Structure formats: structure tokens, C-alpha cells
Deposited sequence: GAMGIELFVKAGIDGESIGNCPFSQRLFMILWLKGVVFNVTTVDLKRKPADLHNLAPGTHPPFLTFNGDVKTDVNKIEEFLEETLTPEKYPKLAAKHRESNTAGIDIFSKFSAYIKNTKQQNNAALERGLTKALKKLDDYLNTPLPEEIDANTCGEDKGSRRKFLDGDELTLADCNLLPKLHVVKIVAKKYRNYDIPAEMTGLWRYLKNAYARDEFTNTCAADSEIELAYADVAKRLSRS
């Protein structure tokens, strides 16, 4: 029967829509190397996408699905995707909610404090990406880390979670608040540059226009 992934449809009805949970499961299956089909849904159960077919059995809930896929598609045929360092699994965890509060606020009074909160949370992630892992420390003779992703030089489940959310942040905060992720965060930008160079991330992103239009009614203008 196989594996079929159902993701959110875009505004046009056909394209992949804005949904970080959809992109997360899409990336996991891609990175596992398993054979699968991906399909868009509009739901007009009730079941909200994403969800997946596994030999005909319906699996819902993104968090349970990740665990099922990581523990079912195992070595030796499939790569283990779990991060090795526990800290990779929480880095940048609060960014998406600090971004959500920043763009939904209507009061000009609170904008500065909300902007700082998003920036501070982004900075804590930048600090994690710059702190050398212990395997990095054992290979010189702290000079700053040069690893590509959260957990080291290969993509993990932690990246499949963070990267779609970071993509929404970057595009929406720029479009609706003219916010730029600060250039001085060299660690975080190295990470995004390495991710965007990977098909598994870039080719599972929704289009810029689609993401921006998806927030037309969620992002608010300041009073």
C-alpha cells in the first residue's frame, strides 16, 4: 500500500500551502529516503492536514507521526534522524510564538518591546549555532563552530521542525513589519544559508507570495 502524505493546499487550490507542520513531515520523509507520494488537501474526520497514510492506516497528530516514522523507518535501510545532542531539540523553540505576538499586535506602543523579544529569542538560537559541539572541540588543537546544522553537519528531526518555522518568520516579519533578522547573527545566517542550499528544505517551502498572502488577515497593521 505504501505511504501517502497529505499537506495543506495553498490559496490557489493546487500548490502546497503555508503550513510548517506539513513541511516538517515532508522533510522527514524526504530525508529518510523512503518512497512516498505527497498530495494537497483542502477539507472542503474532520481531519486538518497534515496527516499520512501508512499501508492504508490513518496516522494523525504531527508529533506522534514523527515518532512513528523515526522508529519504523530504521537502519540499516533508513538513516536515523533523531538529534544526538538534547539541546538541539529545544534551540530556538520560542521564536515562532514571539514572532506571532510581534505581528498580531495592533498597538504601536507595544511594538518595540515585542520586536526585542523576537530578536532576543533569535539571538539565543544564534548563540547555540556558534557554540562548538564536543565533537568539534575534540578536532582542533572555543574558536567558534563551523557545523552546518543544529546538531552537526547532517539534517536531523530538530531541523525538520525549526526550519519551516524560521522560514515563516523571515518572510512574514519582513513583509509586514520590515523586520530583518540581524546581519550580526553570523551563526544563524550560516545555518539558513546551508539549509537553503539543500533541496529537501528549499523544495518543500511554500512560495514567498503564498506565505505572505496567508498572513494578510493574521498580520495586523499598527494603530
Next on the checklist: Checking coverage: what stretches of the deposited chain sequence are missing C-alpha positions?
Outcome noted: 1-2, 47-56, 154-156, 239-240
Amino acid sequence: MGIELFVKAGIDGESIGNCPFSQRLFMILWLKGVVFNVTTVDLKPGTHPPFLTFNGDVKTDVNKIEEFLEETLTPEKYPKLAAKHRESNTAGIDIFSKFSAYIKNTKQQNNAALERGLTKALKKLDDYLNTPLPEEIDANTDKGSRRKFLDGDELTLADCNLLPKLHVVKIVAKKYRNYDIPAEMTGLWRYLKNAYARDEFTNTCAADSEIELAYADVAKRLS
From here on, numbers count along this sequence of modelled residues.
Checklist outcome for this item: For 128-136 versus 149-157, entry-based mean Cα B-factors point to 128-136
Checklist entry - Do the C-alpha atoms of 173-181 or of 47-55 have the higher average B factor in the entry? => result 47-55
Checklist outcome for this item: From the entry's CA B-factor values, the highest among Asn89, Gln109, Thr72, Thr119 is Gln109
Checklist outcome for this item: Here the Cα B-factor of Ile95, set against its chain, lands in the third termed lowest
Checklist entry - Going by what the PDB entry lists, where does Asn63 fall on CA B-factor within its chain: lowest, middle or highest third? => result lowest
Next on the checklist: Sorting by Cα B-factor within the chain, modelled residues only, which third would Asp199 end up in: lowest, middle or highest?
Outcome noted: lowest
Checklist entry - So where's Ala101 on the chain's Cα temperature factor ranking, which third? => result middle
Checklist outcome for this item: Of the three thirds of the chain ranked by Cα temperature factor, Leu222 occupies the highest
